[PDB]
Structures are given as structure tokens and as C-alpha cells.
>>> print(open('my_file_27.json').read())   # JSON, N, CA and C atoms and all ligand atoms
[["chain", "number", "residue", "atom", "x", "y", "z"],
["A", 1, "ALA", "N", 4.64, -19.27, -18.27],
["A", 1, "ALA", "CA", 6.05, -19.39, -17.81],
["A", 1, "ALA", "C", 6.16, -19.15, -16.31],
["A", 2, "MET", "N", 7.38, -18.94, -15.82],
["A", 2, "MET", "CA", 7.63, -18.61, -14.39],
["A", 2, "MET", "C", 6.96, -17.28, -14.02],
["A", 3, "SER", "N", 6.39, -17.22, -12.83],
["A", 3, "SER", "CA", 5.61, -16.06, -12.37],
["A", 3, "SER", "C", 6.46, -14.80, -12.40],
["A", 4, "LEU", "N", 5.86, -13.68, -12.75],
["A", 4, "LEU", "CA", 6.44, -12.34, -12.52],
["A", 4, "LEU", "C", 6.30, -11.93, -11.05],
["A", 5, "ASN", "N", 5.52, -12.66, -10.25],
["A", 5, "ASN", "CA", 5.36, -12.37, -8.81],
["A", 5, "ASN", "C", 4.83, -10.93, -8.61],
["A", 6, "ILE", "N", 3.91, -10.51, -9.47],
["A", 6, "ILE", "CA", 3.15, -9.25, -9.33],
["A", 6, "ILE", "C", 1.74, -9.61, -8.86],
["A", 7, "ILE", "N", 1.30, -9.04, -7.74],
["A", 7, "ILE", "CA", -0.06, -9.32, -7.22],
["A", 7, "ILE", "C", -0.80, -8.01, -7.02],
["A", 8, "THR", "N", -2.09, -8.06, -7.35],
["A", 8, "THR", "CA", -2.98, -6.91, -7.12],
["A", 8, "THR", "C", -3.99, -7.31, -6.06],
["A", 9, "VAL", "N", -4.15, -6.46, -5.06],
["A", 9, "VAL", "CA", -4.99, -6.69, -3.87],
["A", 9, "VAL", "C", -5.98, -5.53, -3.80],
["A", 10, "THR", "N", -7.27, -5.84, -3.68],
["A", 10, "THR", "CA", -8.28, -4.80, -3.45],
["A", 10, "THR", "C", -8.84, -4.98, -2.03],
["A", 11, "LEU", "N", -8.73, -3.93, -1.23],
["A", 11, "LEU", "CA", -9.16, -3.91, 0.17],
["A", 11, "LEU", "C", -10.42, -3.06, 0.27],
["A", 12, "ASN", "N", -11.50, -3.69, 0.72],
["A", 12, "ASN", "CA", -12.72, -3.01, 1.20],
["A", 12, "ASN", "C", -12.38, -2.36, 2.54],
["A", 13, "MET", "N", -12.54, -1.06, 2.61],
["A", 13, "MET", "CA", -12.11, -0.28, 3.78],
["A", 13, "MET", "C", -13.34, 0.09, 4.61],
["A", 14, "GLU", "N", -14.45, -0.64, 4.45],
["A", 14, "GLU", "CA", -15.68, -0.38, 5.23],
["A", 14, "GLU", "C", -15.43, -0.59, 6.73],
["A", 15, "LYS", "N", -14.65, -1.61, 7.11],
["A", 15, "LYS", "CA", -14.48, -2.02, 8.53],
["A", 15, "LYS", "C", -13.12, -1.56, 9.08],
["A", 16, "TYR", "N", -12.33, -0.82, 8.31],
["A", 16, "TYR", "CA", -10.97, -0.39, 8.74],
["A", 16, "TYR", "C", -10.78, 1.13, 8.59],
["A", 17, "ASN", "N", -10.02, 1.72, 9.50],
["A", 17, "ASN", "CA", -9.62, 3.14, 9.39],
["A", 17, "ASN", "C", -8.35, 3.24, 8.55],
["A", 18, "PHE", "N", -7.46, 2.26, 8.67],
["A", 18, "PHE", "CA", -6.06, 2.37, 8.21],
["A", 18, "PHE", "C", -5.69, 1.15, 7.38],
["A", 19, "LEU", "N", -4.72, 1.32, 6.48],
["A", 19, "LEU", "CA", -4.00, 0.16, 5.90],
["A", 19, "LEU", "C", -3.22, -0.56, 7.00],
["A", 20, "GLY", "N", -2.62, 0.20, 7.92],
["A", 20, "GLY", "CA", -1.72, -0.34, 8.95],
["A", 20, "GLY", "C", -0.39, -0.80, 8.37],
["A", 21, "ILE", "N", 0.27, 0.07, 7.61],
["A", 21, "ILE", "CA", 1.62, -0.21, 7.06],
["A", 21, "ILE", "C", 2.55, 0.96, 7.41],
["A", 22, "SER", "N", 3.84, 0.68, 7.39],
["A", 22, "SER", "CA", 4.91, 1.70, 7.30],
["A", 22, "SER", "C", 5.69, 1.43, 6.01],
["A", 23, "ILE", "N", 6.13, 2.50, 5.36],
["A", 23, "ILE", "CA", 6.87, 2.35, 4.08],
["A", 23, "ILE", "C", 8.30, 2.84, 4.26],
["A", 24, "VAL", "N", 9.19, 2.18, 3.54],
["A", 24, "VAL", "CA", 10.63, 2.50, 3.56],
["A", 24, "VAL", "C", 11.09, 2.66, 2.11],
["A", 25, "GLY", "N", 12.18, 3.39, 1.90],
["A", 25, "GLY", "CA", 12.74, 3.60, 0.55],
["A", 25, "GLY", "C", 12.24, 4.88, -0.10],
["A", 26, "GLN", "N", 12.71, 5.10, -1.33],
["A", 26, "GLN", "CA", 12.23, 6.15, -2.26],
["A", 26, "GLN", "C", 12.27, 5.59, -3.69],
["A", 27, "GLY", "N", 15.00, -0.41, -4.83],
["A", 27, "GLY", "CA", 15.21, 0.92, -5.43],
["A", 27, "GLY", "C", 13.89, 1.64, -5.64],
["A", 28, "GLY", "N", 12.90, 1.29, -4.83],
["A", 28, "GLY", "CA", 11.55, 1.88, -4.86],
["A", 28, "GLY", "C", 11.06, 2.17, -3.46],
["A", 29, "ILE", "N", 9.76, 2.00, -3.30],
["A", 29, "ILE", "CA", 9.08, 2.10, -1.99],
["A", 29, "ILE", "C", 8.60, 0.70, -1.60],
["A", 30, "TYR", "N", 8.89, 0.31, -0.37],
["A", 30, "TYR", "CA", 8.66, -1.05, 0.14],
["A", 30, "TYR", "C", 7.78, -0.97, 1.38],
["A", 31, "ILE", "N", 7.04, -2.05, 1.63],
["A", 31, "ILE", "CA", 6.37, -2.28, 2.94],
["A", 31, "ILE", "C", 7.48, -2.54, 3.96],
["A", 32, "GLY", "N", 7.61, -1.67, 4.95],
["A", 32, "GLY", "CA", 8.62, -1.83, 6.01],
["A", 32, "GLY", "C", 8.08, -2.71, 7.11],
["A", 33, "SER", "N", 6.80, -2.53, 7.45],
["A", 33, "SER", "CA", 6.14, -3.25, 8.57],
["A", 33, "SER", "C", 4.63, -3.22, 8.35],
["A", 34, "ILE", "N", 3.94, -4.15, 9.00],
["A", 34, "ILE", "CA", 2.45, -4.23, 8.98],
["A", 34, "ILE", "C", 1.95, -4.20, 10.43],
["A", 35, "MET", "N", 0.94, -3.36, 10.70],
["A", 35, "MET", "CA", 0.42, -3.10, 12.06],
["A", 35, "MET", "C", -0.87, -3.90, 12.24],
["A", 36, "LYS", "N", -1.05, -4.54, 13.39],
["A", 36, "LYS", "CA", -2.33, -5.18, 13.78],
["A", 36, "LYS", "C", -3.41, -4.09, 13.83],
["A", 37, "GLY", "N", -4.59, -4.41, 13.30],
["A", 37, "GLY", "CA", -5.76, -3.51, 13.37],
["A", 37, "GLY", "C", -6.06, -2.87, 12.03],
["A", 38, "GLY", "N", -5.14, -2.97, 11.08],
["A", 38, "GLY", "CA", -5.31, -2.39, 9.74],
["A", 38, "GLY", "C", -5.90, -3.38, 8.74],
["A", 39, "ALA", "N", -6.29, -2.88, 7.58],
["A", 39, "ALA", "CA", -6.88, -3.70, 6.50],
["A", 39, "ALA", "C", -5.82, -4.65, 5.95],
["A", 40, "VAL", "N", -4.55, -4.23, 5.90],
["A", 40, "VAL", "CA", -3.52, -5.06, 5.23],
["A", 40, "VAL", "C", -3.28, -6.33, 6.05],
["A", 41, "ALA", "N", -3.16, -6.21, 7.37],
["A", 41, "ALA", "CA", -2.94, -7.38, 8.27],
["A", 41, "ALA", "C", -4.12, -8.33, 8.12],
["A", 42, "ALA", "N", -5.34, -7.79, 8.12],
["A", 42, "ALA", "CA", -6.56, -8.64, 8.12],
["A", 42, "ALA", "C", -6.57, -9.46, 6.83],
["A", 43, "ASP", "N", -6.18, -8.84, 5.72],
["A", 43, "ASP", "CA", -6.23, -9.47, 4.37],
["A", 43, "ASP", "C", -5.13, -10.54, 4.27],
["A", 44, "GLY", "N", -3.94, -10.24, 4.78],
["A", 44, "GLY", "CA", -2.91, -11.27, 5.06],
["A", 44, "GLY", "C", -1.94, -11.48, 3.91],
["A", 45, "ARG", "N", -2.13, -10.82, 2.77],
["A", 45, "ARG", "CA", -1.38, -11.19, 1.54],
["A", 45, "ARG", "C", -0.13, -10.34, 1.36],
["A", 46, "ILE", "N", -0.23, -9.05, 1.62],
["A", 46, "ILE", "CA", 0.93, -8.12, 1.53],
["A", 46, "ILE", "C", 1.85, -8.41, 2.72],
["A", 47, "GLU", "N", 3.16, -8.42, 2.48],
["A", 47, "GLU", "CA", 4.21, -8.75, 3.48],
["A", 47, "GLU", "C", 5.22, -7.61, 3.54],
["A", 48, "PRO", "N", 6.02, -7.50, 4.63],
["A", 48, "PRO", "CA", 7.19, -6.63, 4.63],
["A", 48, "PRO", "C", 8.16, -7.08, 3.53],
["A", 49, "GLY", "N", 8.73, -6.10, 2.85],
["A", 49, "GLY", "CA", 9.67, -6.33, 1.76],
["A", 49, "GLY", "C", 8.96, -6.35, 0.42],
["A", 50, "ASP", "N", 7.62, -6.39, 0.40],
["A", 50, "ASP", "CA", 6.89, -6.23, -0.87],
["A", 50, "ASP", "C", 7.14, -4.82, -1.39],
["A", 51, "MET", "N", 7.34, -4.69, -2.70],
["A", 51, "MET", "CA", 7.62, -3.39, -3.33],
["A", 51, "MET", "C", 6.32, -2.82, -3.91],
["A", 52, "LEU", "N", 5.97, -1.62, -3.49],
["A", 52, "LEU", "CA", 4.74, -0.94, -3.96],
["A", 52, "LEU", "C", 4.94, -0.45, -5.41],
["A", 53, "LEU", "N", 4.10, -0.87, -6.34],
["A", 53, "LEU", "CA", 4.13, -0.35, -7.73],
["A", 53, "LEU", "C", 3.05, 0.72, -7.92],
["A", 54, "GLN", "N", 1.83, 0.44, -7.47],
["A", 54, "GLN", "CA", 0.69, 1.35, -7.76],
["A", 54, "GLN", "C", -0.34, 1.20, -6.64],
["A", 55, "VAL", "N", -0.90, 2.32, -6.21],
["A", 55, "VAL", "CA", -2.06, 2.32, -5.28],
["A", 55, "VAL", "C", -3.11, 3.24, -5.89],
["A", 56, "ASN", "N", -4.28, 2.67, -6.16],
["A", 56, "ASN", "CA", -5.34, 3.40, -6.89],
["A", 56, "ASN", "C", -4.69, 3.98, -8.15],
["A", 57, "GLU", "N", -4.84, 5.27, -8.43],
["A", 57, "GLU", "CA", -4.39, 5.83, -9.73],
["A", 57, "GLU", "C", -2.90, 6.23, -9.70],
["A", 58, "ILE", "N", -2.20, 6.02, -8.58],
["A", 58, "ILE", "CA", -0.84, 6.60, -8.38],
["A", 58, "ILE", "C", 0.24, 5.52, -8.49],
["A", 59, "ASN", "N", 1.21, 5.74, -9.36],
["A", 59, "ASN", "CA", 2.41, 4.87, -9.50],
["A", 59, "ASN", "C", 3.48, 5.33, -8.51],
["A", 60, "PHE", "N", 4.09, 4.35, -7.83],
["A", 60, "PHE", "CA", 5.05, 4.57, -6.71],
["A", 60, "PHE", "C", 6.49, 4.29, -7.12],
["A", 61, "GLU", "N", 6.77, 4.16, -8.41],
["A", 61, "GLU", "CA", 8.16, 3.91, -8.88],
["A", 61, "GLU", "C", 8.93, 5.24, -8.88],
["A", 62, "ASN", "N", 10.13, 5.25, -8.31],
["A", 62, "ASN", "CA", 10.95, 6.50, -8.19],
["A", 62, "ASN", "C", 10.05, 7.64, -7.70],
["A", 63, "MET", "N", 9.36, 7.40, -6.58],
["A", 63, "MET", "CA", 8.66, 8.42, -5.76],
["A", 63, "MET", "C", 9.51, 8.69, -4.51],
["A", 64, "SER", "N", 9.49, 9.91, -3.97],
["A", 64, "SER", "CA", 10.13, 10.22, -2.67],
["A", 64, "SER", "C", 9.35, 9.55, -1.53],
["A", 65, "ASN", "N", 10.03, 9.19, -0.46],
["A", 65, "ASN", "CA", 9.36, 8.64, 0.74],
["A", 65, "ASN", "C", 8.29, 9.64, 1.23],
["A", 66, "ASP", "N", 8.60, 10.93, 1.26],
["A", 66, "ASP", "CA", 7.67, 11.96, 1.78],
["A", 66, "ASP", "C", 6.41, 11.96, 0.90],
["A", 67, "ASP", "N", 6.58, 11.99, -0.42],
["A", 67, "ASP", "CA", 5.42, 12.03, -1.36],
["A", 67, "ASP", "C", 4.58, 10.77, -1.12],
["A", 68, "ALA", "N", 5.22, 9.61, -0.95],
["A", 68, "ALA", "CA", 4.49, 8.33, -0.81],
["A", 68, "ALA", "C", 3.64, 8.38, 0.45],
["A", 69, "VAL", "N", 4.22, 8.81, 1.57],
["A", 69, "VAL", "CA", 3.46, 8.90, 2.85],
["A", 69, "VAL", "C", 2.28, 9.86, 2.66],
["A", 70, "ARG", "N", 2.52, 11.04, 2.08],
["A", 70, "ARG", "CA", 1.48, 12.09, 1.93],
["A", 70, "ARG", "C", 0.35, 11.57, 1.04],
["A", 71, "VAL", "N", 0.65, 10.91, -0.07],
["A", 71, "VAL", "CA", -0.44, 10.51, -1.00],
["A", 71, "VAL", "C", -1.16, 9.29, -0.39],
["A", 72, "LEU", "N", -0.47, 8.42, 0.33],
["A", 72, "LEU", "CA", -1.16, 7.28, 1.00],
["A", 72, "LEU", "C", -2.14, 7.83, 2.04],
["A", 73, "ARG", "N", -1.77, 8.87, 2.79],
["A", 73, "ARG", "CA", -2.71, 9.47, 3.78],
["A", 73, "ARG", "C", -3.98, 9.87, 3.04],
["A", 74, "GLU", "N", -3.86, 10.55, 1.89],
["A", 74, "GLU", "CA", -5.06, 11.06, 1.18],
["A", 74, "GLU", "C", -5.87, 9.90, 0.60],
["A", 75, "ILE", "N", -5.21, 8.87, 0.07],
["A", 75, "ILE", "CA", -5.91, 7.67, -0.48],
["A", 75, "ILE", "C", -6.69, 6.98, 0.64],
["A", 76, "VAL", "N", -6.11, 6.90, 1.83],
["A", 76, "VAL", "CA", -6.76, 6.22, 2.99],
["A", 76, "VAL", "C", -7.89, 7.10, 3.54],
["A", 77, "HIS", "N", -7.69, 8.42, 3.62],
["A", 77, "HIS", "CA", -8.64, 9.39, 4.24],
["A", 77, "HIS", "C", -9.94, 9.35, 3.45],
["A", 78, "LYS", "N", -9.86, 9.17, 2.13],
["A", 78, "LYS", "CA", -11.03, 9.20, 1.21],
["A", 78, "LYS", "C", -11.76, 7.87, 1.28],
["A", 79, "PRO", "N", -13.04, 7.82, 1.68],
["A", 79, "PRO", "CA", -13.69, 6.52, 1.76],
["A", 79, "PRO", "C", -13.72, 5.86, 0.37],
["A", 80, "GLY", "N", -13.78, 4.52, 0.33],
["A", 80, "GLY", "CA", -13.84, 3.71, -0.90],
["A", 80, "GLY", "C", -12.73, 2.65, -0.93],
["A", 81, "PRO", "N", -12.81, 1.66, -1.85],
["A", 81, "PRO", "CA", -11.84, 0.56, -1.88],
["A", 81, "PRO", "C", -10.44, 1.05, -2.23],
["A", 82, "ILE", "N", -9.42, 0.33, -1.76],
["A", 82, "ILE", "CA", -8.01, 0.65, -2.09],
["A", 82, "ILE", "C", -7.40, -0.55, -2.80],
["A", 83, "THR", "N", -6.83, -0.30, -3.98],
["A", 83, "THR", "CA", -6.20, -1.34, -4.81],
["A", 83, "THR", "C", -4.69, -1.12, -4.76],
["A", 84, "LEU", "N", -3.98, -2.14, -4.33],
["A", 84, "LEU", "CA", -2.51, -2.10, -4.25],
["A", 84, "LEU", "C", -1.94, -3.14, -5.21],
["A", 85, "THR", "N", -0.95, -2.72, -6.00],
["A", 85, "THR", "CA", -0.20, -3.63, -6.87],
["A", 85, "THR", "C", 1.23, -3.69, -6.33],
["A", 86, "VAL", "N", 1.67, -4.89, -6.00],
["A", 86, "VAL", "CA", 3.02, -5.06, -5.38],
["A", 86, "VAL", "C", 3.83, -6.09, -6.16],
["A", 87, "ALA", "N", 5.14, -5.92, -6.09],
["A", 87, "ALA", "CA", 6.15, -6.89, -6.57],
["A", 87, "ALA", "C", 6.64, -7.70, -5.37],
["A", 88, "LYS", "N", 6.46, -9.02, -5.42],
["A", 88, "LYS", "CA", 6.86, -9.95, -4.34],
["A", 88, "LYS", "C", 8.25, -10.52, -4.61],
["A", 89, "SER", "N", 8.86, -10.18, -5.74],
["A", 89, "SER", "CA", 10.28, -10.50, -6.05],
["A", 89, "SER", "C", 11.06, -9.22, -6.30],
["B", 101, "LIG", "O1", -3.21, 3.79, 6.60],
["B", 101, "LIG", "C1", -1.96, 3.59, 6.68],
["B", 101, "LIG", "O2", -1.44, 2.57, 7.19],
["B", 101, "LIG", "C2", -1.02, 4.66, 6.15],
["B", 101, "LIG", "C3", 0.27, 4.25, 5.85],
["B", 101, "LIG", "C4", 1.17, 5.19, 5.36],
["B", 101, "LIG", "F1", 2.42, 4.81, 5.01],
["B", 101, "LIG", "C5", 0.76, 6.49, 5.14],
["B", 101, "LIG", "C6", -0.54, 6.89, 5.43],
["B", 101, "LIG", "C7", -1.44, 5.98, 5.95],
["B", 101, "LIG", "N1", -2.67, 6.44, 6.35],
["B", 101, "LIG", "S1", -2.75, 7.49, 7.70],
["B", 101, "LIG", "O3", -4.20, 7.43, 8.15],
["B", 101, "LIG", "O4", -2.22, 8.80, 7.39],
["B", 101, "LIG", "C8", -1.66, 6.74, 8.93],
["B", 101, "LIG", "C9", -0.45, 7.33, 9.31],
["B", 101, "LIG", "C10", 0.39, 6.63, 10.17],
["B", 101, "LIG", "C11", 0.10, 5.33, 10.62],
["B", 101, "LIG", "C12", -1.09, 4.75, 10.23],
["B", 101, "LIG", "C13", -1.94, 5.48, 9.41],
["B", 101, "LIG", "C14", -1.52, 3.37, 10.70],
["B", 101, "LIG", "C15", -0.37, 2.61, 11.36],
["B", 101, "LIG", "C16", 0.43, 3.49, 12.31],
["B", 101, "LIG", "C17", 1.09, 4.63, 11.54]]
>>> encode(input="my_file_27.json", output="C-alpha cells")
Amino acid sequence: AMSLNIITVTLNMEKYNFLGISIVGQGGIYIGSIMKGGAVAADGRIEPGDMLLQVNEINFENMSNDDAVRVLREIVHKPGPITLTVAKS
């Protein structure tokens, strides 16, 4: 049928320090902006306005903005791949 517009992206973080995103919201958490030099810009698929559902083992639905920033820092700080599931609608 018609797409649910849910995409899962796995980023190899071997060549990047950062995702290079800013997040907005807490009716969820959204990509506010994408920064040049990060893994997300290089991959090209995640856009501003995409809604974050899950990153690695953590669900981002009805999360506080503060909690989202803090747990993304720890997910990025830890070497290894990062899997993001986003809603594009
Ligand atoms: O790696 C990220 O882009 C990132 C994004 C967030 F929303 C939260 C944490 C992240 N990881 S991080 O190393 O702490 C960090 C904090 C701030 C910023 C970045 C990374 C990269 C873009 C400029 C602002």
C-alpha cells in the first residue's frame, strides 16, 4: 500500500566525530538542522523536519529535549555504528 514513510539509517562513524544535527521539540523530537562535517550530512538521507523515533536502543517518543540531547551525546561519544529510525511524514 501507500508508504508509512518510516526509514532506518545506519551510519558508520569510523570517519566522523559527530552526527552534526540539532534537535527541536519534546509532538516529538525533530531534526532542527544538519551541520556540514557530520555523518548525517555526508549520508544525505535525514532532513530537517524528520521526526526521531529511535536511535540505537532508545525510543525518542514523548522524550524531553534535555534527555534527547544528553542521550545522543552518549550514543555519539561511544564508538560503533549509529542506527536512526525517522518518520518522514
Ligand atoms: O553528534 C551530534 O550531532 C549531536 C547532536 C545532538 F543533538 C546531541 C549530541 C550530539 N553529539 S555531541 O558530540 O554531544 C555534539 C553536541 C553539539 C553539537 C554537535 C555535537 C555537532 C554539531 C554542533 C553542535
>>> closest_residue(input="my_file_27.json", among="A:62, A:22, A:8, A:56", to="residue 75 (chain A)", atoms="all atoms listed in the file")
A:56
>>> residues_around(input="my_file_27.json", residues="region 79-82 of chain A", least_positions_apart="4", cutoff="10 Å", atoms="only C-alpha atoms", output="PyMOL selection string")
chain A and resi 9-14+17+19+39+55-57+74-75
>>> residues_near_ligand(input="my_file_27.json", ligand="ligand LIG 101 (chain B)", cutoff="6.5 Å", atoms="only N, CA and C atoms and all ligand atoms", output="PyMOL selection string")
chain A and resi 17-23+35+68-74+76-77
>>> atom_distance(input="my_file_27.json", atom1="atom N of residue 1 (chain A)", atom2="atom N of residue 87 (chain A)")
18.1 Å
>>> select_by_dssp(input="my_file_27.json", residues="chain A", states="strand (DSSP E or B)", output="MDAnalysis selection string")
chainID A and resid 6:11 21:25 29:34 51:55 58:59 82:87
>>> residues_near_point(input="my_file_27.json", point="(9.0, 0.2, 3.5)", cutoff="8 Å", atoms="all atoms listed in the file", output="PyMOL selection string")
chain A and resi 21-26+28-33+48-52
>>> closest_residue(input="my_file_27.json", among="A:86, A:63, A:27, A:15", to="residue 46 (chain A)", atoms="all atoms listed in the file")
A:86
>>> atom_distance(input="my_file_27.json", atom1="CA of residue 7 (chain A)", atom2="atom C of residue 43 (chain A)")
12.6 Å
>>> closest_residue(input="my_file_27.json", among="A:3, A:84, A:36, A:41", to="residue 53 (chain A)", atoms="all atoms listed in the file")
A:84
>>> atom_distance(input="my_file_27.json", atom1="atom N of residue 67 (chain A)", atom2="atom N of residue 4 (chain A)")
28.5 Å
>>> select_by_dssp(input="my_file_27.json", residues="chain A", states="helix (DSSP H, G or I)", output="PDB file with N, CA and C atoms, keeping the file's coordinate frame")
ATOM      1  N   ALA A  39      -6.290  -2.880   7.580  1.00  0.00           N
ATOM      2  CA  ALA A  39      -6.880  -3.700   6.500  1.00  0.00           C
ATOM      3  C   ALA A  39      -5.820  -4.650   5.950  1.00  0.00           C
ATOM      4  N   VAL A  40      -4.550  -4.230   5.900  1.00  0.00           N
ATOM      5  CA  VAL A  40      -3.520  -5.060   5.230  1.00  0.00           C
ATOM      6  C   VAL A  40      -3.280  -6.330   6.050  1.00  0.00           C
ATOM      7  N   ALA A  41      -3.160  -6.210   7.370  1.00  0.00           N
ATOM      8  CA  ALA A  41      -2.940  -7.380   8.270  1.00  0.00           C
ATOM      9  C   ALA A  41      -4.120  -8.330   8.120  1.00  0.00           C
ATOM     10  N   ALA A  42      -5.340  -7.790   8.120  1.00  0.00           N
ATOM     11  CA  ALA A  42      -6.560  -8.640   8.120  1.00  0.00           C
ATOM     12  C   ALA A  42      -6.570  -9.460   6.830  1.00  0.00           C
ATOM     13  N   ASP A  43      -6.180  -8.840   5.720  1.00  0.00           N
ATOM     14  CA  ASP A  43      -6.230  -9.470   4.370  1.00  0.00           C
ATOM     15  C   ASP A  43      -5.130 -10.540   4.270  1.00  0.00           C
ATOM     16  N   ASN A  65      10.030   9.190  -0.460  1.00  0.00           N
ATOM     17  CA  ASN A  65       9.360   8.640   0.740  1.00  0.00           C
ATOM     18  C   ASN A  65       8.290   9.640   1.230  1.00  0.00           C
ATOM     19  N   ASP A  66       8.600  10.930   1.260  1.00  0.00           N
ATOM     20  CA  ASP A  66       7.670  11.960   1.780  1.00  0.00           C
ATOM     21  C   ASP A  66       6.410  11.960   0.900  1.00  0.00           C
ATOM     22  N   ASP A  67       6.580  11.990  -0.420  1.00  0.00           N
ATOM     23  CA  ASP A  67       5.420  12.030  -1.360  1.00  0.00           C
ATOM     24  C   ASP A  67       4.580  10.770  -1.120  1.00  0.00           C
ATOM     25  N   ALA A  68       5.220   9.610  -0.950  1.00  0.00           N
ATOM     26  CA  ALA A  68       4.490   8.330  -0.810  1.00  0.00           C
ATOM     27  C   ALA A  68       3.640   8.380   0.450  1.00  0.00           C
ATOM     28  N   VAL A  69       4.220   8.810   1.570  1.00  0.00           N
ATOM     29  CA  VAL A  69       3.460   8.900   2.850  1.00  0.00           C
ATOM     30  C   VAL A  69       2.280   9.860   2.660  1.00  0.00           C
ATOM     31  N   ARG A  70       2.520  11.040   2.080  1.00  0.00           N
ATOM     32  CA  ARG A  70       1.480  12.090   1.930  1.00  0.00           C
ATOM     33  C   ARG A  70       0.350  11.570   1.040  1.00  0.00           C
ATOM     34  N   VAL A  71       0.650  10.910  -0.070  1.00  0.00           N
ATOM     35  CA  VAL A  71      -0.440  10.510  -1.000  1.00  0.00           C
ATOM     36  C   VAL A  71      -1.160   9.290  -0.390  1.00  0.00           C
ATOM     37  N   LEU A  72      -0.470   8.420   0.330  1.00  0.00           N
ATOM     38  CA  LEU A  72      -1.160   7.280   1.000  1.00  0.00           C
ATOM     39  C   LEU A  72      -2.140   7.830   2.040  1.00  0.00           C
ATOM     40  N   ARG A  73      -1.770   8.870   2.790  1.00  0.00           N
ATOM     41  CA  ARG A  73      -2.710   9.470   3.780  1.00  0.00           C
ATOM     42  C   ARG A  73      -3.980   9.870   3.040  1.00  0.00           C
ATOM     43  N   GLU A  74      -3.860  10.550   1.890  1.00  0.00           N
ATOM     44  CA  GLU A  74      -5.060  11.060   1.180  1.00  0.00           C
ATOM     45  C   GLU A  74      -5.870   9.900   0.600  1.00  0.00           C
ATOM     46  N   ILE A  75      -5.210   8.870   0.070  1.00  0.00           N
ATOM     47  CA  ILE A  75      -5.910   7.670  -0.480  1.00  0.00           C
ATOM     48  C   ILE A  75      -6.690   6.980   0.640  1.00  0.00           C
ATOM     49  N   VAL A  76      -6.110   6.900   1.830  1.00  0.00           N
ATOM     50  CA  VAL A  76      -6.760   6.220   2.990  1.00  0.00           C
ATOM     51  C   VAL A  76      -7.890   7.100   3.540  1.00  0.00           C
ATOM     52  N   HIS A  77      -7.690   8.420   3.620  1.00  0.00           N
ATOM     53  CA  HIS A  77      -8.640   9.390   4.240  1.00  0.00           C
ATOM     54  C   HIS A  77      -9.940   9.350   3.450  1.00  0.00           C
TER      55      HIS A  77
END
>>> axis_aligned_box(input="my_file_27.json", around="region 32-48 of chain A", padding_each_side="6 Å", output="AutoDock Vina command-line options")
--center_x 0.9 --center_y -6.6 --center_z 7.6 --size_x 27.5 --size_y 21.8 --size_z 24.5
>>> closest_residue(input="my_file_27.json", among="A:83, A:16, A:88, A:34", to="residue 59 (chain A)", atoms="only C-alpha atoms")
A:83
>>> build_atoms(input="my_file_27.json", residues="region 29-40 of chain A", atoms="N, CA, C and O atoms", output="compact mmCIF listing (two decimals), in the frame of the given file")
# COMPACT_ATOMS: atom_id res chain seq x y z
N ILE A 29 9.76 2.00 -3.30
CA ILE A 29 9.08 2.10 -1.99
C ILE A 29 8.60 0.70 -1.60
O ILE A 29 7.97 0.01 -2.44
N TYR A 30 8.89 0.31 -0.37
CA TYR A 30 8.66 -1.05 0.14
C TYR A 30 7.78 -0.97 1.38
O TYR A 30 7.87 0.01 2.14
N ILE A 31 7.04 -2.05 1.63
CA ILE A 31 6.37 -2.28 2.94
C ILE A 31 7.48 -2.54 3.96
O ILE A 31 8.19 -3.55 3.83
N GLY A 32 7.61 -1.67 4.95
CA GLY A 32 8.62 -1.83 6.01
C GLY A 32 8.08 -2.71 7.11
O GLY A 32 8.85 -3.43 7.72
N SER A 33 6.80 -2.53 7.45
CA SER A 33 6.14 -3.25 8.57
C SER A 33 4.63 -3.22 8.35
O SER A 33 4.12 -2.34 7.61
N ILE A 34 3.94 -4.15 9.00
CA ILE A 34 2.45 -4.23 8.98
C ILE A 34 1.95 -4.20 10.43
O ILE A 34 2.52 -4.89 11.29
N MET A 35 0.94 -3.36 10.70
CA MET A 35 0.42 -3.10 12.06
C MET A 35 -0.87 -3.90 12.24
O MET A 35 -1.69 -3.92 11.32
N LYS A 36 -1.05 -4.54 13.39
CA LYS A 36 -2.33 -5.18 13.78
C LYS A 36 -3.41 -4.09 13.83
O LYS A 36 -3.08 -2.91 14.14
N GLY A 37 -4.59 -4.41 13.30
CA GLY A 37 -5.76 -3.51 13.37
C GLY A 37 -6.06 -2.87 12.03
O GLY A 37 -7.11 -2.24 11.92
N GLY A 38 -5.14 -2.97 11.08
CA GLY A 38 -5.31 -2.39 9.74
C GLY A 38 -5.90 -3.38 8.74
O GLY A 38 -5.88 -4.60 9.00
N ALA A 39 -6.29 -2.88 7.58
CA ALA A 39 -6.88 -3.70 6.50
C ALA A 39 -5.82 -4.65 5.95
O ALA A 39 -6.16 -5.74 5.53
N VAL A 40 -4.55 -4.23 5.90
CA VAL A 40 -3.52 -5.06 5.23
C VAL A 40 -3.28 -6.33 6.05
O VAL A 40 -3.20 -7.42 5.43
